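Working notes, beginning with the structure itself.
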Amino acid sequence: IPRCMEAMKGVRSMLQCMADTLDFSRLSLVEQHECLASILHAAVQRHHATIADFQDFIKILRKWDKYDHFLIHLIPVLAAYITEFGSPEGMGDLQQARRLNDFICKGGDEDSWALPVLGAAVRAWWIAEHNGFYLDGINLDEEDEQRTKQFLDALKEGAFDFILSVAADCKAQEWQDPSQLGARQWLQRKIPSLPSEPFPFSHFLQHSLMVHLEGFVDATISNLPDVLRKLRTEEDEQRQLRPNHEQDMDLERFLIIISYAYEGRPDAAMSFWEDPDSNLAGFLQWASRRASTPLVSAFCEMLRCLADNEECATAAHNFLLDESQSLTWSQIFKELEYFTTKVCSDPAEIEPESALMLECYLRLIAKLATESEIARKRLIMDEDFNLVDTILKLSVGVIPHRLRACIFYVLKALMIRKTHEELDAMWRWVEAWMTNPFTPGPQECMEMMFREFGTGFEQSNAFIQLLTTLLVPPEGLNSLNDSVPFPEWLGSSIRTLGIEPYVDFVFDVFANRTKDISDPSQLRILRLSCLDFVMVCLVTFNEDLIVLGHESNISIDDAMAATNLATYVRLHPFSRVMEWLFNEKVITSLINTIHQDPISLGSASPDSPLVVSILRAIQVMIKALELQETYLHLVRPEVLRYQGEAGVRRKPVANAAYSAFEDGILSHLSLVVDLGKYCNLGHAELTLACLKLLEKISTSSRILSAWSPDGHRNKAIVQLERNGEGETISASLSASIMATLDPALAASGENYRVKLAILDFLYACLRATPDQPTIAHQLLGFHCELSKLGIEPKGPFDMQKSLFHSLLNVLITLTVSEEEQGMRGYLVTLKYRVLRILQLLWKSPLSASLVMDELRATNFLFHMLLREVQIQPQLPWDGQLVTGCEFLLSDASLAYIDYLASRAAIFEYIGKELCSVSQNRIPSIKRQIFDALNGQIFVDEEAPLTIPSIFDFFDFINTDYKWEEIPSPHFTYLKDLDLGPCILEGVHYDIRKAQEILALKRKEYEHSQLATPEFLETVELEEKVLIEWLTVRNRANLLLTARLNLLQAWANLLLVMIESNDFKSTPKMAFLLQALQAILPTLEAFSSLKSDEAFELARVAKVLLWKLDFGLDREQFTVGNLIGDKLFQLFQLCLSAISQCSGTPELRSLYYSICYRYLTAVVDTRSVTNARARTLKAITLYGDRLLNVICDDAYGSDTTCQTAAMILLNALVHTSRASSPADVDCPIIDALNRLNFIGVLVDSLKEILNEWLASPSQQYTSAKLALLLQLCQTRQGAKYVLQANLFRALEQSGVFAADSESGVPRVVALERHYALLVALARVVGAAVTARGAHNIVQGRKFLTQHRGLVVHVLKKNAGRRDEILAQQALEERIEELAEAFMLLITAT
Ligand SMILES: [Os+3]
Ligand SMILES: [Os+3]
Ligand SMILES: [Os+3]
Ligand SMILES: [Os+3]
Ligand SMILES: [Os+3]
């Protein structure tokens, strides 16, 4: 203990020696002194404190001179010592409890306390705590006489004025609740006010005090009743003989001690209402009997604090019913009616004590009316009481401002909760009350009312809080606000403007009359009440309802509770409240509300009006921008068209120069800066509003079109460098995304929620205008100049201190798995929100250079792979498992989605990182990457780390899940419920609008009451089951889009890995076999189902097969033997896939390239002729079906398909002949003639010069003529070719008939032309030779009909960019043609 005392002694001596970095020190130490007190108090409560420490502690109090904050810290420790050694509850010997009675009470034993009032408080406590011990002897009658004497003298010495001063100075909320201004603050105070220091008191220290003050209050009431009943008669009768001296008001101060004690704590206040026979409940009966006007107030200040709970408040309400009279409602309402006549004629004036008594009455009314429903339902409609009329009449007459406020808080307390009936009734009182006093004029009287109520802080803040509550719907805010938030008839008698007269007042206060206010704490609370009003008006506007009625099948009034959709837009304040936000003064008030001292804001409380006045000002700017598009388009033209029909008009408050809310905050450059500096203050809900406003500011075409153009380069960017905060707020965001997270608080934590709000800001800012440097670039640490990034040396980025690196750092530390508790879905979403930023930052040309550079230095590709987990069946997400009864319903679904998107973003980087390496960067990286993709990582070298293989990360597909085979609601079934929110391209949905429609049919049937109540509950379920069905189909559709997107990343990853790394060695030859081992079970499984995924898998198989370009070890053979095994069952599935024609031409074009190479390179000593036989009989096993597909593909719109189809046929005929001298009988050629392919083939030769005019259509025809030649080699082939009139097609073409920017030298264009003739000449040659003399007449007619051309060609052959080579590559084509005609003539 004495160490604790000496520790506190050192703090006070430091703090007093320091007053004779500076402010935060006092803040730091004062709190440390406040903790040691709470810890010492705990120690005394444990019976380990000793009688010795008590004698020393009392000595410190007897010496203590200055009444300060340090003294208050020791009050709970004092009452702990007293309750220990003094009370019987404490285990203190009676002789020892008597022993210290003299040490405290006797006086004249060093009892010249440096603070005489303090010693009076110490003495009063022990007596109250010790007299109860003598309950259950020596000198009882004398002791009690001694007790009451030294107790009464202590009260006059200033005891209760000290205990009350501590209770009042202690629980000092640094913001002034206007509803309880001046309450309990009218009693005289001989105590000197605490010094000017801003030293607060812990939210706990206040509580610990009010616990001991309950023990003090409980002690005096239970142990010293007669002392209180000696004080009732002393001052009550002395009030009549000596009314002027202000006789001892200690009993009043005692009731305020009770008020401060039980305030906020209804658990303790129940001891006053639990047992009516207890001393505490008997006390309320006792104090309420008589009504000394100041003593009544002190009693009502006690009840207001004895009703913080609905249970305590209901009891207090019953206490004033009485159903020797106590104080009752009957008595209160009589005086409320007795003084309303002393004003609305006494002359118009009231006594201060009488006026105060009324305030304590209207304050008790409000409190009991808000906390208890019974009290509200009673007071609001009782005739013997008649509350509404008297308080409304009292407000007409001349009264003090504070009293007129308390009336408005009573009306608010009556409207804090309400029905649609009590709202119309209240508005009938308010209408008449505002229309006339009850000529001065009906509406001109309404002007006088607002000018009064908005005159001072006390009323204006109070009256606006009443107008705020009147617009909160009966069903509760955030309901279906389909009805107007007030009666349509309101004002239709006179002004016809509904609420607008009240709106134009709230903005008149907020924009013009806030300037009359001077106290900053009052200016905040007023602006907070004004902004709370604007919010209530913008939220109750159902914009989803307006777009629906203006766009699709829904009723204007048959459906909604309002009498019309046009009436809804007219009467609702949204029409007018929006117009006000376009006003220059209102906006300049919104900025100056936000603009505040940062250190004063950061050193404040998160609940103080200083913080919330800024939070609420932001919330208005956000909500303004959200509801702006609906306003300017669907709302404003409806008002300017109705006020032209009705002819009515009111003053325009908006600015015609403002075409959008942006135009107002364009000029206020201080706004974007202040929004950042407030994140550095450590107030969460304030931060989230600031960041979400930076999005809508830095994601709007206007404000991003006013920072760049002026000369100025970028205004908002340099504005962060103006005072030098651009780096200090960027440093704060770093500590925010580095901050710790609590698994218990989980998805809704201050740290976690601030992270997502930053990652949503940096992304939302980058996604817009991604090719120009934005705010998000500068805050990330990139040095931002025009259209160019860069790192400033000795800057937070170059030294790896930037925020950007903190996004990497948080990534390489996440553990999104809690050992079979599942992948916490809130945490995998954190990973995605970070990655998608980095993704945008390696796709844009600005960042890819700087980012891919820094991602290399940091080993980013490795840390992600080191932490990536394998997808598995029994791998739960959020505790939920895939393939559950309904997995696509919980927030675990969207967590699996985000994980697939996160994986794809990793493969995409590993791909780009595997291309930036191949060009030059040493094989140390490609080796590291490649082994990291097989699972061999050597960071520390002690041993190689085992990471799952890139083929184990092929875990994002199991073809049996059938996500696409869960049904969608039939579009007519939705249309019959008039649901037209469905989005297309499969079908997607808008859950929100759809659920909005179902809520409007619910109120349509609920209010109509035609069929109820059970049918309602069944419909209430089917709606919840429909939107439950819709959410599954749009999340499944959202999963397939994310799974396919991932397949392209894993697929495209293997491609970049095949082409960079050459495969000739066994360990590599073993890798590609491992790859082929993983894609085949999948591609084989659903090459029939659908194409989109089969295309990506069939594409890695192609590129793979074309990489085995073809002295060995005994292991490499067993490898290749397993590759030839897989390549066969690949060739098989490609054959079955083609024969079915299951995929699009672009996919089968990929199938034909796989078969072509398997027939070209693989199959082509006698073990190869066997391979030809097996491969051949496998093709022709499918009959003409397989050939039909390849044939009609050779004549399709797809140019790449018909080329691969024609080339595949060329290889099919080639391998059947190698299987079967040169004239034989082929089954394939006989099939083609049957399918009429050779017919349409020869007939497609007419436009040979049109198609042949390196060109894509050039190579397709080159494959066509290579096939014709293949056919004409055999006898039957040359027959089927010629039987289709071959020579006829060669004549109608006219190719045998002796250049505008086509990008080749001319010399190469001719050899292509000749090469066409080279092919055509060989085709005719093979045809004449194979058939026989049957076409020697045709072979003769062919030359006689084209003679001369042969003569020129037969003589042309006889006789350095590329020209020498081109002439060689041409003159040889003439040597081939001269030989083509030479072998034709001699064979003819
Ligand atoms: Os429609
Ligand atoms: Os004006
Ligand atoms: Os289940
Ligand atoms: Os590339
Ligand atoms: Os959704």
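Read in order, the letters of the sequence shown are residues 186 to 205, 227 to 342, 350 to 536, 547 to 568, 587 to 679, 698 to 969, 974 to 1248, 1253 to 1377, 1384 to 1437, 1454 to 1509, 1515 to 1547, 1569 to 1613, 1621 to 1681, 1705 to 1733 in the UniProt record's numbering.
From the three backbone atoms N, C-alpha and C, an ideal C-beta is built for every residue, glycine too.
Rounded C-alpha distance that separates residue i from residue j
| i | j | result |
| --- | --- | --- |
| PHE722 | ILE1229 | 57 Å |
| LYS936 | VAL765 | 30 Å |
| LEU749 | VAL828 | 15 Å |
| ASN457 | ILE615 | 42 Å |
| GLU514 | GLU1287 | 47 Å |
| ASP1161 | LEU1074 | 14 Å |
| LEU1305 | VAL981 | 41 Å |
| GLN1389 | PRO1211 | 24 Å |
| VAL845 | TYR761 | 16 Å |
| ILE333 | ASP366 | 12 Å |
| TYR1429 | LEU1582 | 14 Å |
| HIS831 | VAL743 | 6 Å |
| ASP1218 | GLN1133 | 7 Å |
| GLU600 | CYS647 | 6 Å |
| residue 539 | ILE470 | Note on the chain: numbering goes from 536 to 547 directly, and residue 539 within that interval has no coordinates. |
Contact test: residue i Cβ vs ligand 5 heavy atom, cutoff 7 Å
| i | result |
| --- | --- |
| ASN939 | no |
| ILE1294 | no |
Interface flag, residue i vs chain C, CB-CB below 8 Å
| i | result |
| --- | --- |
| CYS1520 | Protein chain content of the structure displayed is limited to a single chain, and chain C is not contained in it. |
Of the residues the options, the one placed nearest residue i, counting alpha carbons only
| i | options | result |
| --- | --- | --- |
| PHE792 | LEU1728, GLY735, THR728, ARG617 | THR728 |
| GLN1135 | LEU1052, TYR1026, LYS1189, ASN1221 | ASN1221 |
| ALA666 | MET705, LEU635, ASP630, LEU644 | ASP630 |
| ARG466 | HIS416, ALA396, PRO1033 | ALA396 |
| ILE1542 | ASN1530, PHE1531, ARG1590, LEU1601 | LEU1601 |
| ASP1257 | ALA1714, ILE1294, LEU1277 | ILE1294 |
| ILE753 | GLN702, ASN720, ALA334 | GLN702 |
| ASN801 | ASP1398, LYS1260, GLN1315 | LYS1260 |
| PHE485 | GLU427, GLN451, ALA511, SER510 | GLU427 |
| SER1624 | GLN1588, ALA1652, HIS1656, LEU1547 | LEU1547 |
| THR527 | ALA610, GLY1142, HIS420 | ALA610 |
DSSP beta-bridge partners of residue i
| i | result |
| --- | --- |
| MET1086 | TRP1140 |
| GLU1048 | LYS1051 |
| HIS1635 | Answer by DSSP bridge pairing: none, since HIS1635 is not bridged. |
| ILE1200 | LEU1208 |
| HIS1255 | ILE1246 |
C-beta atoms of residue i and residue j nearer than 8 Å
| i | j | result |
| --- | --- | --- |
| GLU1271 | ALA818 | yes |
| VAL932 | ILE956 | no |
| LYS384 | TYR475 | no |
| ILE881 | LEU952 | yes |
| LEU1019 | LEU1043 | no |
| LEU1313 | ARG1130 | no |
| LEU1539 | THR1504 | no |
| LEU400 | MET462 | yes |
| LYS1189 | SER1050 | no |
Residue i CB to nearest heavy atom of ligand 1 below 7 Å
| i | result |
| --- | --- |
| residue 1379 | For residue 1379, nothing is modelled; it lies in the interval where the chain passes from 1377 to 1384 with no residues in between. |
| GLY1243 | yes |
| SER1181 | no |
Heavy atom of ligand 4 within 7 Å of residue i beta-carbon
| i | result |
| --- | --- |
| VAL1323 | yes |
Near ligand 3: residue i beta-carbon under 7 Å from a heavy atom
| i | result |
| --- | --- |
| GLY1472 | no |
| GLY1147 | yes |
Residue i beta carbon near ligand 2 (any heavy atom closer than 7 Å)
| i | result |
| --- | --- |
| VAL912 | yes |
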